[PDB]
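In what follows, a single structure is set out as structure tokens and then discussed.
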Protein chains: 12
Amino acid sequence: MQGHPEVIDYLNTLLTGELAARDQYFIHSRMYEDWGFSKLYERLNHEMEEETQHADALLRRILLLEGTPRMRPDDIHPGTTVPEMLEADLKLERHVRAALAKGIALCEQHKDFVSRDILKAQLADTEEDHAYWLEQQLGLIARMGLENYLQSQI
Amino acid sequence: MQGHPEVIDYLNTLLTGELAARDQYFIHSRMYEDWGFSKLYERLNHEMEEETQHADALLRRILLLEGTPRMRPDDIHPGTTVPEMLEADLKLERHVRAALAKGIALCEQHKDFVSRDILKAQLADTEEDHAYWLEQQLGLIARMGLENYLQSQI
Amino acid sequence: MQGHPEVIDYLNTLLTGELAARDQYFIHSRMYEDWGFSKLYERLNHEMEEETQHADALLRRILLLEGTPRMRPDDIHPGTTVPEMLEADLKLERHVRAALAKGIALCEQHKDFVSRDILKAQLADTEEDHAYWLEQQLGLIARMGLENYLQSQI
Amino acid sequence: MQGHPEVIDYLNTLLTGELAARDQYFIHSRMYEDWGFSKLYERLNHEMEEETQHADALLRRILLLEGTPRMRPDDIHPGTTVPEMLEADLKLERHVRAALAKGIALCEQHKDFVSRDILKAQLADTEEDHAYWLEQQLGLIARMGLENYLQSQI
Amino acid sequence: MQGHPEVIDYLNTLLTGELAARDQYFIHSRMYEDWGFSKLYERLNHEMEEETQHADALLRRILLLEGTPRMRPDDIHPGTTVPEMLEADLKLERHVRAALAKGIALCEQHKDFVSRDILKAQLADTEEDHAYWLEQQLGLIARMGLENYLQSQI
Amino acid sequence: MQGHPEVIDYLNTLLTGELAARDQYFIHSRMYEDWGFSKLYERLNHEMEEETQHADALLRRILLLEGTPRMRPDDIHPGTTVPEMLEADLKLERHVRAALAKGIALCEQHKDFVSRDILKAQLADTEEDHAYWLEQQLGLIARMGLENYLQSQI
Amino acid sequence: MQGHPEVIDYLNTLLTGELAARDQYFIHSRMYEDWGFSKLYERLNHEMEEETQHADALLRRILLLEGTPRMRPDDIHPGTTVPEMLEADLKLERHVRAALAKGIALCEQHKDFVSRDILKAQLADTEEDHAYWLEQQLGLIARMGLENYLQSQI
Amino acid sequence: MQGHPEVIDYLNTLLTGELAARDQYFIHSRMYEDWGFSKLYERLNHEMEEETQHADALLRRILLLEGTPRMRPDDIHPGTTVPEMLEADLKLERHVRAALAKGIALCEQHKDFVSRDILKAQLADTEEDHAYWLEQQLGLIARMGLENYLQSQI
Amino acid sequence: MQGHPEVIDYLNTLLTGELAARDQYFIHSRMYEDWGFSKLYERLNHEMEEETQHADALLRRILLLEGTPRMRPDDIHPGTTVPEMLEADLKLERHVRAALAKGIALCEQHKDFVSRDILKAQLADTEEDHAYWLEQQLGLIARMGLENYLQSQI
Amino acid sequence: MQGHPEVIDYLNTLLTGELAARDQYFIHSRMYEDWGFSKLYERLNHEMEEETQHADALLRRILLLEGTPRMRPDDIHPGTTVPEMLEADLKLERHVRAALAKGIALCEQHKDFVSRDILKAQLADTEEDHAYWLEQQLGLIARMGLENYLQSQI
Amino acid sequence: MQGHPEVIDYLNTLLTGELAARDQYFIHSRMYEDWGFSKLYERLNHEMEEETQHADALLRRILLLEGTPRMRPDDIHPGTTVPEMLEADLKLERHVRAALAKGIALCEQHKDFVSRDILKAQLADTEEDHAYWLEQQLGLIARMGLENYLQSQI
Amino acid sequence: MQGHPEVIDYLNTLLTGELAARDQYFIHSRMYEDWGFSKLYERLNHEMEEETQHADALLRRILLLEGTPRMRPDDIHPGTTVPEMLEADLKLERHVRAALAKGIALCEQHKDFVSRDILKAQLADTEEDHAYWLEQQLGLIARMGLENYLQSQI
Ligand SMILES: [Fe+3]
Ligand SMILES: [Fe+3]
Ligand SMILES: [Fe+3]
Ligand SMILES: [Fe+3]
Ligand SMILES: [Fe+3]
Ligand SMILES: [Fe+3]
Ligand SMILES: [Fe+3]
Ligand SMILES: [Fe+3]
Ligand SMILES: [Fe+3]
Ligand SMILES: [Fe+3]
Ligand SMILES: [Fe+3]
Ligand SMILES: [Fe+3]
Ligand SMILES: [Fe+3]
Ligand SMILES: [Fe+3]
Ligand SMILES: [Fe+3]
Ligand SMILES: [Fe+3]
Ligand SMILES: [Fe+3]
Ligand SMILES: [Fe+3]
Ligand SMILES: [Fe+3]
Ligand SMILES: [Fe+3]
Ligand SMILES: [Fe+3]
Ligand SMILES: [Fe+3]
Ligand SMILES: [Fe+3]
Ligand SMILES: [Fe+3]
Ligand SMILES: [Fe+3]
Ligand SMILES: [Fe+3]
Ligand SMILES: [Fe+3]
Ligand SMILES: [Fe+3]
Ligand SMILES: [Fe+3]
Ligand SMILES: [Fe+3]
Ligand SMILES: [Fe+3]
Ligand SMILES: [Fe+3]
Ligand SMILES: [Fe+3]
Ligand SMILES: [Fe+3]
Ligand SMILES: [Fe+3]
Ligand SMILES: [Fe+3]
Ligand code: NA
Ligand code: NA
Ligand code: NA
């Protein structure tokens, strides 16, 4: 099916952002594991797998619309401490949230309602699983202190 | 069965207090969950379900006695921090305890012994599950400090 | 995540309407049970539990958006006979339907597409489970008469 | 254990009333069955078995207190039509309710709290199973007419 | 296998009548469901599935005989009330019965005995499942009145 | 619930197109089976059943909105060879895709968001199951030739 | 039971044709197996077993009618290549189809309706299993070429 | 469905013959049992149950056609010895065979093809189960003598 | 919860009496076992475990009410023969019965209805399990003589 | 453990090549799926998962050695036809094979034998699963032609 | 098989170091258990069992090569506090790592490749299980403080 | 993959030695069985199967490297008595051990690390299963005498 060149281009933009998020979680999860925080490792490993499904859904949708997917992830910027890692992930999902919202309006505008629903599904994940869980972790650090928090994540 | 208009009126008073307690636990449990304290979420969610059964028992008993149940919850006053939430719940159960004790005497006085037994059952719950668990949590905060306490509730 | 103060305010409006619907079904179901109509009791009891999930979803969504949920149910207006109860429930769902439709447009306007999808899910329930089942019951009364209808609900 | 001669005498009074209720349900249930109303047969047969347990509990309690149980049932007065049978059963449980309430006060007065709790248990049954179910059946007849009601009890 | 052009033409006539019956049951069953008569919904839904198998058998038989099936259903004429729907279905099966009988004679005449047996199988269904069940429902309405009948179909 | 006469009219238009698609798949699947291509038979038989669910959902939705469903399928135009059949099905789904997109905009415009979501669900099916599978089959023919392709579908 | 000498004679004619078909499939299936076409072997082996049941049914029916079955198969004429084998089998079933049709008319004429039903059952098999499957195989050869076809039958 | 008065009349004739056959087998089977021939008892008991199904099918078919079934069995004529019983049963099935054949022609003539198929089913039973089994038993007596035969039936 | 200093003091009095009863049963059961009366051993061992639960319930209730439990058992006075042991246990439960009755009145007077219900539960045990079983054993000795009685308890 | 800065740097080089291979297989597998070659999709999807484990092992090993992993994949160069895709994958694994061989010598030289064994494990995979399977597919195309090959991969 | 006297001598050196590590873990694990740190006990107990397998593999390999194993463990130097114990274990594994690396080069030099592979297996364990887990524990102490760390190991 | 002509040539040399070892064990095992030593038969039969896997791994590896495997086994030299057979097998594995060691160095030299790992795996088998088991058997003969040894192998 030949999709709208603007829609395809912006799915591609979203795709390189999802490939990035996948890779940022890949490195963060393994950093968490190396440091001995199994619970952060398991959660970031899970988010890595979800980002991989978000990427997959965009990639297949671009192929269906007869586009050529852009496979280079955006640049990632990993933290070097637990608080910087959480903050770097929160900044990434904030950016992804804003990109998706704009894609959603753009799909409405070109009357690509199926691409729009794909983006809306991913936006719910970004807001309600990923972004909310991150704010939650920063919230715990704020409430019990970093040391107590990190103990709880072993 | 036509019940004593005073008994029915005071069951109704208890009913609007139980509807309130249900709703106060509803909001507190979900606040606890939003902040990442799954264990407080599970316990307040459980107390919400119990308050719903306390309300149900009063409502059905008022209908059996051919009264018209009052379905407006009393005003609730949720906390904004973990210690204020626990304190607001403790103040609510203290009020409920005192209301029940007076209802129990009033049922004895109008010779409604079945309504009395319903209130006595709920009073045991209020004292021995709900009030005692709350004093217990404040007691833990007092003994290990708020940060350690909150860590234990993740 | 900081949501749009107008969106949060209107979710709050919807929330106090869902708390109300929950409570209206609570009293109607138990009235049906007291009168011996087990089948109306079971159905209204079920709708009460669904309204409780509708309320829960709004409440959590308001908390995620960093709003303060309004926990006072709207005023309810229960019937005193089977036909008035059904009519009072139909008028409630008609009002809820119209409120949701307006919320849906408002979320689109502030580009809160995830809140919008939450409201759309609840609107489908309101129209296709709840409103349609009520019109259905009035339709049966109209077709076989109230006495035959009530017999069938024992 | 030697019980208070007044308490024993009044348990005995309650006992001959429970033996009566047992026998009134015995005849009503079998009349219902003979006429083809299996559902009234099953319910009255069940109430007959419950009255037999109420009688048993009083009888054993009188023996424990070193009294001599009075085994003659009170006179019973069965109906000859479905509405008269329901009304005769409702009048019986109303009388039993009032007798129990007075026994409960009398046990409190002689400080026989265990006999009192036995009577309170039976009073809850009389009010909430038996009396409420009967008012319920008359209520159904009133709402759908006797013919529709009787059809539903086949 | 090259079938007789007259046989193929008349199978085609039967086929467009079966496609019609399928569609008339499709709409009637869903109308019954919308009105709350689950038992009429289930029965008409079942007849819809059977008409679909009758259509399928004719279609495949026409293809085997190297004909081109006519896929346009005949015009259908749904009722707007329960009695008109039953009557419209009875008139349809009466027409189908007569068409089949004539097809059966026509197959005998062109010595297509396998097409004949297919039509005879469907005729038994039309007479003994479908037509007989419809006369039966009208018969019940006639015997107990429409209101009682409709109550029994909830 | 009284729906917007324009929305109902256009659901009806979509309904007669879905009834058509159902029937076009009905004939194509059985043609495939007659020729010995079991795998095309199974896939078209499956699409026939899905079109039947698409039709069902529109029909019920029109009834809920108090419309009168139009039950005449649009005209269908079956192929006479495997490549023409695939092309005729692709042209049908292209038309259905465009009709749905316009219905989706029309529902948004009359603020019928539940009808809109029904159409969006079906559009995803049309694009991602049905249209994509057809382009896929033509793509295989183009890549390996018609003879090799048809061999693979036995 | 003494059957009509003409009916018995013609059952006997059909019997020697079924014995023949059995034997033609016997040799074809084993030729297919020798050449490595397991799928043609399995299908012809199956048809051989079915012809054996067709023969059995005629033989027993002739014995019941107090006839003497003729046990010499007609002459068979096996192919020497896959296309000639399929064509030789198609010519055999065409002959059997015509013989059965005439037997069916002859049984009707002597009022032997049970022999007639036996022949009708076998005619349905000849047309709808056997003849249709053969035309189908020739159809596949015509559509994908002999080499591709034979590959698919390994 | 209003059937042809001649068809109904002749189904009725067949029905009184099947009721008779049922009763003749009833008495023969129990005579066989009384004499100690369990195997003849079991077989005649089985034929009695089959005749009861033949009767049932005619009776229901006459009711469907809006006839009044004739429920008086024809006169029966039981044997007094094993060979006379077998012969009396063989004469009965011979008569039934001839009656059915004529009914079958009569149904064809009034174009009642479903009644015809019912009669054809029963004719196959009469010829191939019942008549053939009886000739078989007489055949065994002829081949091994009556004494050996009767020994084998204990 | 701060309980009434008088209620707490008297729970404490009851507690030291229950600790005593536990210990009196402890020694009696093991004396019974040493002498070879397994059945008296098992019953007194069971009563020891029940007294331990009675003690536990008082102790926890005193702690909940912010009292300091008194953990010294009252003085016990074990028998030296089977009849003196039974009599010493009967005198203990008589004393416990009277203490509980007075506690029950005292709780009513300070409006501690939950402590009251705890005492009422234990009073039922004291009267209906423990006291009644003891009178029962003395009753058996009186009826069959001590030797026969003791034989039955091996 | 502080690893040799040269070893870490070259693991990092290998890591960005494995991230690339993962992504090249990601796009190729989904391209294969879009075109209808399920078997190529499943195999490339599998190789994608294996490359992800190769990447994971390098990443964790770099972290253990206190290096900072480089998370940017090398540039990838996907094919646009089945033969170009296979060739692009073969060229990638040839490059990976040569890079690994050099890493293996480099680890030997810095006496990092555990990193060396990690690289040797991956080299066996690259040669014996991945490279050998690709040469194999090109070999099949060469032997049976591209069309036959692609048919076999549906 | 007669091994190289230098290889055997150095396996022996490694063996007395593994016997030592086994014994150092033996004492540390039991010290951890005595202090109440079950999780450190379980982990050190596990490492003790692994060191025992490392020792076993060296011992058997020396015997196979016709050497005489040296069974005296090296001197061990246990800590007296949790941080000194972890540090003493880390210093031991650092020494073992360096000894193994040199043994690996020495086996390569005498062309004993099987002894070399044994040492490489143990080196991977020393680096990736044992050394990495120890650095990990010190890392946790550094991140959350010793008290929080020790709490987590109870 | 094109391997180094020297590596391929020497794998080929190893291959003809493994084919030989397979065949030497083949004859020895069956000689052992013929003489009644089931335990030597089972062990040599097992070594024959292992040599067959060693051969297989070399053969496949040579094919992967685009070499032509040499399939002629080296000359074998079986014993004629149990001690000569064991000695002939020990001399064979000694030769294989030395050949492998040289192949391992040669693979290192041409940077074929995967062939090297294949040879190292087989060398461990040759030394630790095969050579060690043989020395072991000679050792037993030396310790208990040949007669006792052979008895133990029945
Ligand atoms: Fe995402
Ligand atoms: Fe996310
Ligand atoms: Fe998530
Ligand atoms: Fe409560
Ligand atoms: Fe509570
Ligand atoms: Fe509780
Ligand atoms: Fe709702
Ligand atoms: Fe609702
Ligand atoms: Fe619902
Ligand atoms: Fe009672
Ligand atoms: Fe009662
Ligand atoms: Fe009850
Ligand atoms: Fe039909
Ligand atoms: Fe029909
Ligand atoms: Fe049917
Ligand atoms: Fe569709
Ligand atoms: Fe579709
Ligand atoms: Fe689909
Ligand atoms: Fe045949
Ligand atoms: Fe055939
Ligand atoms: Fe067949
Ligand atoms: Fe019969
Ligand atoms: Fe018969
Ligand atoms: Fe039979
Ligand atoms: Fe006690
Ligand atoms: Fe006690
Ligand atoms: Fe007890
Ligand atoms: Fe790789
Ligand atoms: Fe690879
Ligand atoms: Fe692989
Ligand atoms: Fe070690
Ligand atoms: Fe270690
Ligand atoms: Fe380890
Ligand atoms: Fe080997
Ligand atoms: Fe070996
Ligand atoms: Fe081995
Ligand atoms: Na802590
Ligand atoms: Na009725
Ligand atoms: Na092919």
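Keep in mind that the numbers below use all heavy atoms, side chains included, and drop hydrogens, waters and symmetry copies. Chain naming here is simple, since letters A, B, ... match the order of the sequence lines and numbering starts at 1 in each. Every number for a ligand or one of its atoms is a count from 1 in the order of the listing.
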Metal site angle (apex the Na ion (ligand 39)), OE1 from J:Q151 and OE1 from F:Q151, 10 degrees: 80°
Salt-bridge present (I:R43, I:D129; N to O < 4.0 Å): no
Donor-acceptor pair, side chain of J:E33 and main chain of J:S29, under 3.5 angstrom: no
Pairs satisfying salt bridge (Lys or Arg N to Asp or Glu O under 4.0 Å), at least one member in residues 49-63 of chain I, at least two apart: B:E127-I:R61, B:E128-I:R61, I:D56-I:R60, I:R61-I:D112
Are [X] and [Y] linked by a side-chain donor-acceptor pair shorter than 3.5 Å?
X: J:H130; Y: J:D125; value: no
X: I:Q137; Y: I:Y149; value: yes
X: G:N148; Y: G:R143; value: no

Sphere of radius 2.8 Å around the Fe ion (ligand 26) - protein N, O or S atoms inside: I:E51 OE2, I:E93 OE2, I:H130 ND1
